[PDB]
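# Structural characterization, general
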Amino acid sequence: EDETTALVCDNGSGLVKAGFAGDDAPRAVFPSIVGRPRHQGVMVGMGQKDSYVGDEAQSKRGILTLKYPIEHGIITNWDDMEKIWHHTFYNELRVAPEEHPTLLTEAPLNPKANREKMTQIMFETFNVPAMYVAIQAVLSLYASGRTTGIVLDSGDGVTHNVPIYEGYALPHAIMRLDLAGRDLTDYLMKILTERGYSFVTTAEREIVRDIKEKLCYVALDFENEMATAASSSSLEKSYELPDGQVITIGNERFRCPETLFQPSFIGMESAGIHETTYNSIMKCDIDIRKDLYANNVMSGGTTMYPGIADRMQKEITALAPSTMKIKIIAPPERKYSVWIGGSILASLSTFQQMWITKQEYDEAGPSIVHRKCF
Amino acid sequence: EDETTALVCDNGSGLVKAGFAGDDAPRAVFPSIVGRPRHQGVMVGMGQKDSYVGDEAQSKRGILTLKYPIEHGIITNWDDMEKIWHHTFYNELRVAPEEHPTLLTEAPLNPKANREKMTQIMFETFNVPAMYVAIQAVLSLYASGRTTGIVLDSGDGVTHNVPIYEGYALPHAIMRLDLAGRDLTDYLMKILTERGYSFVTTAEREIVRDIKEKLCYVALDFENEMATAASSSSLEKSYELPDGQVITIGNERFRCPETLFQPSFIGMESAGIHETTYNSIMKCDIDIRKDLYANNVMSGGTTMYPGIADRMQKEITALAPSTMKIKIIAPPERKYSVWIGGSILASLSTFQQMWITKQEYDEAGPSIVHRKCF
Amino acid sequence: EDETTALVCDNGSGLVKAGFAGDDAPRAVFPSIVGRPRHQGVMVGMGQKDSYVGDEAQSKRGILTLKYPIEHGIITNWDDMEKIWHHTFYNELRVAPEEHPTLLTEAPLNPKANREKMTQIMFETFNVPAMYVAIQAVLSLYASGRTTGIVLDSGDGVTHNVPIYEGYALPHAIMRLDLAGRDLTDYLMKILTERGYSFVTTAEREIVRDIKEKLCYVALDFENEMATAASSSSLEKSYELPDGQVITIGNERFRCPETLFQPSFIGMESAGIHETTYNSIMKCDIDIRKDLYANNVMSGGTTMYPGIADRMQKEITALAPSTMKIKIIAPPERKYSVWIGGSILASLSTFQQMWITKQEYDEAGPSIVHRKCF
Amino acid sequence: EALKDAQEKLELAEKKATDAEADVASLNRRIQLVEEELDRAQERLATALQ
Amino acid sequence: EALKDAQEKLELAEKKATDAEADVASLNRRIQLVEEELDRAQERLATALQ
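Residues numbered from 1 in each chain as written, not as in the entry; some residues may be left out. Chains lettered and ligands numbered in written order. Part of a larger assembly, values for the part shown. Heavy atoms only, no water.

Method of determination, as annotated in the archive: cryo-EM, at 10.2 Å resolution.

Along chain D, the regular secondary structure elements total 1 helix and 0 strands. For 50 residues, the compact-globule formula gives about 10 Å, and the C-alpha radius of gyration of chain D, at 20 Å, lies well above that figure. With the principal axes as the frame, chain D shows a C-alpha extent of 70 × 10 × 5 Å. Residue burial in chain D is summarised as follows: out of 50 residues, 26% are buried. Total accessible area computed for chain D in this model is approximately 3200 Å², and 52% of it derives from carbon and sulfur atoms. In chain D, which carries 8 positive and 13 negative side-chain charges, the distance between the mean positions of the two groups comes to 4 Å. (Helix = DSSP H or I, 4+ residues; strand = E, 2+ residues; numbered from the N terminus. Rg over C-alpha atoms; globule rule 2.2 N^0.38 Å. Buried < 20%, exposed > 50% of the residue type's maximum accessible area, 1.4 Å probe, protein only. Areas by Shrake-Rupley, 256 points an atom, 1.4 Å probe, with all protein chains shown as cover. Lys, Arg positive; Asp, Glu negative; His and termini not counted. Charge placed at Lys NZ, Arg CZ, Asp CG, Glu CD.)

Among the surface-exposed residues, A:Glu1, A:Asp2, A:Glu3, A:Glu98 and A:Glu99 lie close enough to one another that they form a single negatively charged patch. Its location among the elements puts A:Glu1 in the segment before β1 (7-10). (Patch = residues over 30% accessible without salt bridge, like charges linked within 9 Å, V, L, I, M, F, W, Y side chains within 5 Å. Salt bridge = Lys/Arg side-chain N within 4 Å of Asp/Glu carboxyl O.)

With that out of the way, let us pick up unusual backbone geometry. Outside of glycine, negative phi angles account for most residues, and trans bonds account for most peptide bonds. Residues and elements named next belong to chain B. The step from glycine 47 to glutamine 48 runs through a cis peptide bond, and the omega angle for that step is -5°. Tracing the backbone through its elements, the reader meets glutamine 48 in the loop between β4 (34-37) and β5 (52-53). The backbone of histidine 72 shows a phi angle near 60°, a positive value even though the residue is not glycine. Within the secondary structure, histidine 72 is located in the loop between β7 (70-71) and β8 (74-75).

We now examine the state of the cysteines. All names here are of chain B. In total, this model carries 0 disulfides over all chains according to the counting rule given. The thiol of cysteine 256 is not disulfide-bonded; the next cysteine sulfur, from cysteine 216, is found 4.5 Å away. Here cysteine 373 stays free of any disulfide, with the sulfur of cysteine 9 as its closest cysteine sulfur at 16 Å. A residue is classified by how much of its surface remains accessible, and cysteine 373, at 7% relative accessible area, is buried. (Disulfide = S-S within 2.5 Å.)

In total, this model carries 21 aromatic pairs over all chains according to the counting rule given. Aromatic side chains A:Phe222 and A:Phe265 sit 5.8 Å apart centroid to centroid with 55° between the ring planes, which places their arrangement in the tilted category. Linking A:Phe222 in helix α7 (residues 222-228) with A:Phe265 in the loop between α8 (252-258) and α9 (273-283), this pair joins segments that are 43 residues apart in sequence. Aromatic rings pair up to connect A:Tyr217, A:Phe222, A:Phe254 and A:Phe265 into one cluster. Seen from the ring of C:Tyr52, C:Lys60 lies directly overhead, with NZ or CZ sitting 4.1 Å from the centre. Over the ring of C:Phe261 we find C:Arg311, and its NZ or CZ is 4.8 Å from the ring centre. (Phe/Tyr/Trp six-rings, centres within 6.5 Å; stacked < 30°, edge-to-face > 60°. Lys NZ or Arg CZ within 6 Å of the ring centre and 35° of its normal.)

Under the counting rule described, the total for this entry stands at 12 cavities of 30 Å³ or more. Of all the elements in the fold, those that place two or more residues in the lining of the largest cavity are β2 (15-20), β9 (102-106), α3 (112-124), β11 (149-154) and α6 (202-212) of chain C. Counted by class, the lining of the largest cavity contains 10 nonpolar, 16 polar and 9 charged residues. The computed volume of the second largest cavity comes to approximately 50 Å³. A:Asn11, A:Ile70, A:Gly73, A:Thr105, A:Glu106, A:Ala107, A:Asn110, A:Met118 and A:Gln136 together form the lining of the second largest cavity. Considering only residue class, the lining of the second largest cavity consists of 3 nonpolar, 5 polar and 1 charged. (1 Å grid on protein atoms, 1.4 Å probe; cavity = no way out; pocket = protein on both sides within 12 Å on 5 of 7 lines; lining within 4 Å. Points joined across faces, edges and corners; volume = space filled by probe spheres on them. Nonpolar A, V, L, I, M, F, W, Y, C, P; charged D, E, K, R; others polar.)

This next bit is on the relation of the copies chain D and chain E. Its rotation angle being 162°, the transformation that places chain D on chain E also includes 0.3 Å of axial translation and leaves an RMSD of 1.4 Å. Counting the interface residues of chain D, we find that 100% of their copies in chain E are interface residues as well, pointing to one common contact surface. (Least-squares fit on C-alpha atoms. Contact = heavy atoms within 4.5 Å.)

Turning to a nonpolar patch on the surface, a few remarks are in order. Residues and elements named next belong to chain B. Nonpolar side chains collect at one region of the surface, where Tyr142, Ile344 and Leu348 lie side by side and expose about 240 Å² of accessible area between them. For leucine 348, the position within the fold is in the loop between α12 (337-347) and β18 (356-357). We classify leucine 348 as partly exposed; its relative accessible area is 37%.

Residues and elements named next belong to chain C. In total, this model carries 86 salt bridges over all chains according to the counting rule given. We note a salt bridge from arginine 36 to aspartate 80, for which the minimum N-O separation is 2.6 Å. Taken as a pair, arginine 36 in strand β4 (residues 34-36) and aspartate 80 in helix α2 (residues 78-93) lie far apart in primary sequence, 44 residues in all. One salt bridge connects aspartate 362 with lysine 358, and the closest N-O pair in it is separated by 2.6 Å. On the criterion of helical spacing, the pair formed by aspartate 362 and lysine 358 is a turn pair, its members being 4 residues apart in helix α13 (residues 358-364). Salt bridges sharing common partners tie together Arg36, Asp50, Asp79, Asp80 and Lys83.

Moving on to the sheet that holds strand β9 (residues 102-106) of chain B. Within a sheet, each strand pairs with its neighbour through backbone hydrogen bonds, oriented either parallel or antiparallel. Residue and element names in this part refer to chain B. Ordered in space as β3-β2-β1-β9-β10-β18, the 6 strands form an open sheet in which the pairing is mixed. The two strands at the open ends of the sheet, each matched to only one other strand, are β3 (28-31) and β18. Pairing between β9 and strand β10 (residues 130-135): 5 bridges, direction parallel. Within β10, the residue paired with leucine 103 across the bridge is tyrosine 132. Packed onto the sheet, helix α3 (residues 112-124) meets β9, β10 and β18 and runs at close to 155° relative to β10. Set on the sheet, helix α4 (residues 136-143) makes contact with β1 (7-10), β9 and β10; between it and β10 the angle comes to about 90°. (Pairing = 2+ DSSP bridges. Axes fitted to C-alpha atoms, helices over the stretch in contact; angles between N-to-C directions.)

Here the focus is the layout of surface pockets. The computed volume of the second largest pocket comes to approximately 1600 Å³. Along the walls of the second largest pocket sit 32 residues, with A:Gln313, A:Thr317, D:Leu12, D:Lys16 and E:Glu14 positioned nearest its centre. Secondary structure elements with two or more residues in the lining of the second largest pocket: α7 and α11 (308-319) of chain A, α1 (2-49) of chain D together with α1 (2-49) of chain E. A total of 10 residues in the lining of the second largest pocket trace back to one element, the largest contributor, which is α1(D). In the lining of the second largest pocket, the residues fall into 9 nonpolar, 7 polar and 16 charged.

So, about the sheet that holds strand β16 (residues 296-299) of chain B. All names here are of chain B. Here 5 strands make up an open sheet; going across it, the order is β13-β12-β11-β16-β17 and the pairing mixed. Bordering the open sheet on either side are β13 (175-177) and β17 (328-329), each of which pairs with just one other strand. Looking at chain direction, strand β11 (residues 149-154) and strand β12 (residues 159-164) are connected through 6 bridges and run antiparallel. Directly across from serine 154, in β12, lies its bridge partner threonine 159. Strands β11, β12, β13 and β16 of the sheet are contacted by helix α9 (residues 273-283), whose axis makes an angle of about 165° with β13. Sitting on the sheet, helix α11 (residues 308-319) is in contact with β11, β16 and β17, with an inclination near 145° to β16.

Put into structure tokens, the structure is as follows:
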């Protein structure tokens, strides 16, 4: 065949998004979890199966202890990551990696060891002709079809912010903020406890993740919505657990995403996500700032909450000069924007010479990641 | 075609003014800047473009470091000048220089190497039938339509002064004074710092150049205007930066052009521009001085400030014998006076035999500039 | 008692150095931090205290959020600064400002409001008979006992360069370079994340300052030292956190001070400390360059790293004419030279007629600072 | 939610209209004051020139 | 309905603000031009007086 296709995988924490390069959507999207039978089984003709990977672990949740292998964009456990990639290629996509070049995404300001060990596994585990590791935020920018913007990337791993102008990139102005979907989940199960609902274990920690994926929203003013929580009507929502227990969540619902704009609630000094965007834009040159204000791109899974775009717009407009208009461009489909940006990149004809070849790795070693790529 | 037209270029520092000879205005006027991508770009399908030339560099300012290739009428960097002329001919005028004789302007008391290397490039870079290098001040005098005057030429390059009488010219009485638009810009960004506005880089150095091109004016008495700066009302002006930041400049505004009349502010002993005009007129013969006092011509870009003509008139009248009347003739359009003087010269029928031919250069070498022309 | 004595206070960003005049060493040295308690405390009998100042903030660091009030030589908040001066006078020194003339140090190319508000706080908050504000670099020259030299002065504030010749000063050849030791602290925490060491709050930001002031050094040639960092040995050093976490840092350690000589690393076009020193010397008159090259003086807090003098000598010798011998005098004790320069200056009886008196302030108001001093 | 936001955006757009119109009126007063002061500056100029 | 009405009132109030903004912007251009001619007439007057 011509061009050989190519393969693209996004592994921020929480979800593997994977598929062929040259398509508009990934074939396989599943949770990045390795769930181990904690309870010793007593039957004959079970499994045994040392561990379960992917949405198999979601189905068989109650037995398992679940371990996310990626925390804060950092792989904690390498064998668990290899198992997840083994699951992507053989269980879903049914590809031999020898037949495809593979793009990986990776997060900004990330330890060198993750990029270098990630390449070491791609060459010396799944034999592969070529690969690339690319920055998450630039891929979302490509997916949005814009040449310029400040990309606010927040996954389940960590939050990142990369300003770009006309292509280029500003290394000093790149900001990484330790907040995530996962930290909002840990805050959320903590704020459910005051209501009497106690979720203590990894299995129902993913149940509050599912709650937060739909019930939670961001206030267009926090204090105003917290004041109208005195007359509870629309702010309460009934939620059904898989147990058949019913949960009723009021003001507790919208103050969980409020943590992004008030990290004093989590107990971290690190500024809210709108001030981090100001911190990135202020580090940029005076000239370009006009379009960075007007071309803010949201990406990732934890920018999905209803009303985030409006809240960021009101806060950035309030802080900034009202001399210029602050447009925020946050697409629906923004969850998959990194993977789509990886699809478009590996489909680019020129990019087919910028691959890290297997040959170039075999001569010059794993350290060449940083030398060739950003 | 008859007469072949001719081409005219003024390159004092700061601006290329270029067009056809035989027209009242130049087609192309743009900043003489070579701006290089200082920041390494990270995208695919950019440029690359090693450098940007002309008002392209003004548009894409923030990325670039900008280098003026001409300082003090001296070309610092020759490849950068060749690139600027390559841009004039191919990007704007769309001419083959083989089809046109080319006039260049050049400044008085200027190193021989600039004239000789300038001719060497015109013959052995852009193949051309003929050329001429001419003095800036005489061209402005032609443009003003007068046979006699003392031409005060001040560009962004250097300040020059050439007395002329009935044509002729006085070599001993020619004065060159190291002050310019550019030195006023360096003074200006230094005098903004006491107000808290700090412009540290080449990109916003051209922003204070733009400020000074409109906000700045010359006091009809410096001390009187500095005294009325105690009651700030009309002397302050709000200025908008491209950032959206607002700048408010009071007495600081008019004391920037005051440097021309007080070079003790810049720290140079070299006399103010009115005493330099006296120094030129005093070196002239007694008989002609009467009309040189009454026929002072201002030319160049840094004689554009409002109230310069009135200040020069009051100071020269104060120093000189009040026995004779000191008329200063400073036209609006005085910025382009050198180019218009070059247009009229190459349109002159007799001048069409005084060209340096390509043939005469090929036989007698680059040194013949000084031998044939002034 | 005769003279009464006087008080001298140095308050560049990062460190207060303060004490009596004519004492050769100071009487208080402590960090210029105001530390407010971010976390609400739940006990009875605590404090409470709005804020902790100086080393009480260093000691109780993890509860707090720490604010420097002085950023880039500019006072960003004035209650925080007033508290620092209140703390020096009443806790360590134990004096009444009513007894003592007070000398304050101040930075080259600083907004007028810093002098004008600083004199107001000294006259109207802490009642004082007389005071003075003095330029930092001239004081460090006084400490090393010299009449002539070029002073490179750099704190955790900003980097300033002042050439001086047989006393005097050249205002047009004074250079300010907005690179501080503090920007090196932010660069150091940014580089540490490559090795996986994520530090994010102000408390451990001062742990990287503590790493910076005794593990870091300047490479005697950068590429040579970075090449031998392939074979890690003496280039790696263990470090102990007050946590008990061990931190091992390598090439990272010397490429942090390299940012002073390569500002491309922090993303700024602004030339290096060797180049800015050359820029000052080129602005100076032709004769005095001979002695300025051979009388380079280093002062301040971020000129303390090993190899700075040695490197500045290689780079200035390489750029300058080698017809004269470049000599740098970078004494030990150079962190305190600005204070020592003030303690000698306030001990000069002729300078006791050069004070700004309380009566002159009461008669003629805050603007008189720039009418009597620099 | 679209209503609380559309209604609050209405109260703010009405407030922005109130402020923009307050600015129209406050500016119309200032424009007229600079026009009247300009007429006076021109009359004083015609007087100063005479 | 309360939403479409809040949105129509919002688009209308946004237009009250946009028209009031167009009017204030027209007036801001008039203040800048007329006050610039106030200052120029005042400067021409200062020049005529000097």
